[PDB]
Structure formats: C-alpha cells, structure tokens
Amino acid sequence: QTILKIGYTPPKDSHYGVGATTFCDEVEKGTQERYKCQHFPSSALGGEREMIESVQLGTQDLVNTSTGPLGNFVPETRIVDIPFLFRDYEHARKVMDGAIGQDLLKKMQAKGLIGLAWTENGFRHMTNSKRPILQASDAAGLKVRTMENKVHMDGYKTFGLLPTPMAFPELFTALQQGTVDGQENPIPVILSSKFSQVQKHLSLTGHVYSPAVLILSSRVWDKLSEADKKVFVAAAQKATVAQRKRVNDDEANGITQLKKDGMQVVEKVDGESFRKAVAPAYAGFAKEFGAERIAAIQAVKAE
C-alpha cells in the first residue's frame, strides 16, 4: 500500500483520533489496500497552520483540522467562526452537512485543499486561571490564547479579552507559565489535552462552533482513480458520524470528570451579555462574508 500520513493535534484517544481511525480504516478496506494511513497525533507533524500548509504543498498527505487557521488559506471558511452564529449542535451539523457546508468544501478544493467531509471539534468554552466567568464583563482584562484566526481575535476582543494567537502545541506551556490567563476549546479538547492540570476555571460559554475537516492533498487526490475518489469521500463521511458521536460522549461525561479533576465549572453563564457584546462586530463580519450568507446559515433548522 501507499502510506498516507494523517496528522492532528489531539492525542489518538480523542474525537479527532476516532475520526481519523474511522476514515483510515474505511479507506484501507474500500481501496483494497492500495492506501493505508500512518497516524501522527499530538502535533507530531506540527500544529494545524503548519499542517494545512504542508497539505496544500503536498508534503503532508492528510490532516483532521479545525477551521481555526484554515481561513488563512481559504478565507470564506471563516464565516463559520463567527461568535454565536450557531444555536446548537443540530443547527451547526445541518449547516455543515447541507449546501452551505458543501460549498465551503468546494472553495477549499479550488485552493488545493481537498476537503473530503466536515467532521467536528465542537462548541468552544472559556477556561482561565484567575476567576470565574459568569458574564462578558468578567472576561474583560484576561489574556486569552486564541487560534490563528482573525475572526476569533476580532470577535473575542468585543468581550474585553486580550487575545494572543498561538499554535496549539505551544498552548499547554503558555497556560502553565502564566503567559496567558486562559484559552478556549471544546470539551473534547479540554479532556484529551489535560488542561485541567493548568486551568482552574471553566465556563460553558459555547461562544463559537468549531467544525473540523478531513483534508487530503491535491497531490494525492489527483493520483486517485475516480472510484477511489468516491471511497475517500464516503470514508470521510463515515468518520463524521463516529467523530460527532465521540464529541457527544465527551460532553455527556466530561463535565463530571473535569470537576473531579478540580476544575470549578460555571454551567450557566449570562449568554445575553456575550451576544450583546459581539453584535457590533457583525458590521465587519457582514462586510466580509455577506449579510445574506450569515442569514442563510441562521435560517437553517430555525423554528
């Protein structure tokens, strides 16, 4: 078999690992051993920005990545990074799976990033080591690491937070040394990366939805038979299901485990305060993405 390197930032025992393994197993069977994965979890091939760059260049075969730094390569994808755009998992998943999400995959493909299917990272939540976050004003003044994403940076600034973009593999040490007070990630990431060791506080702010996506290099895609192309896509859609299931499991059980680990969890925040804070940034978001595209997303699964 041709060995395809698949990288991701979480450990193998994670939502992304579940997605990668499901995808890889289906590709290996579906292509009758023409292709087989070798996994590189825990940023062995670098963080997400570096990995996507390598996939676009062809020097890395596959990545399971959040949209965080993806917008650097395909700016249209940042529409899904807008804070409080999505209402819940049903809403977000339907958008990603429907025509809107499918169009974003094609926009990626035009830039040499063969997005096979949207998987999932999850709704992101704020952690810090200084104080509980009950309302937007409690976040003001905190230094918080963000992903390498201008929409997150601009959006989160409206909460009064002071953002610093950092690649994921540098995050644990940054939190440990106090370079920043906090960060934000889905429960699946907080669990699998043991941030409980260096963050005392968690608030279920659910401030953005973080999709993930299995991306193949155009170098490899263009060498595939038309039949194998179909196998890769089908395999990635099976991965979507397994990965979301693991997200679901992580959330149902994760809060209890994080509490046992010593985290102080705020389960009900003043969501209105955060939504009101970010509203002014929608001027910029609409100018960039189109108010009608924002509205099209909001309309999906709405009452």
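Just count from 1 along the sequence shown to find any residue number.
Stretches 62-70 and 266-274 differ in mean CA B factor, with 266-274 having the higher one.
Comparing 111-119 with 134-142, the stretch with the higher mean C-alpha B-factor in the PDB entry is 134-142. In this entry, the residue among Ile100, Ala227, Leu216, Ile79 with the greatest C-alpha B factor is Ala227. Comparing the C-alpha B-factors of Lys194, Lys106, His152, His207 in the entry, the top value falls on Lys194. Ranked within its chain, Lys200 lands in the highest third, by CA B factor from the PDB record.
Ranked within its chain, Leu258 lands in the highest third, by CA B factor from the PDB record. Among all modelled residues in this chain, the alpha-carbon of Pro280 has a temperature factor (C-alpha) in the lowest third. When the CA B factors of the chain's modelled residues are split into thirds, the value for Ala236 lands in the middle one.
Ranked by Cα temperature factor within the chain, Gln56 sits in the lowest third according to the deposited record.
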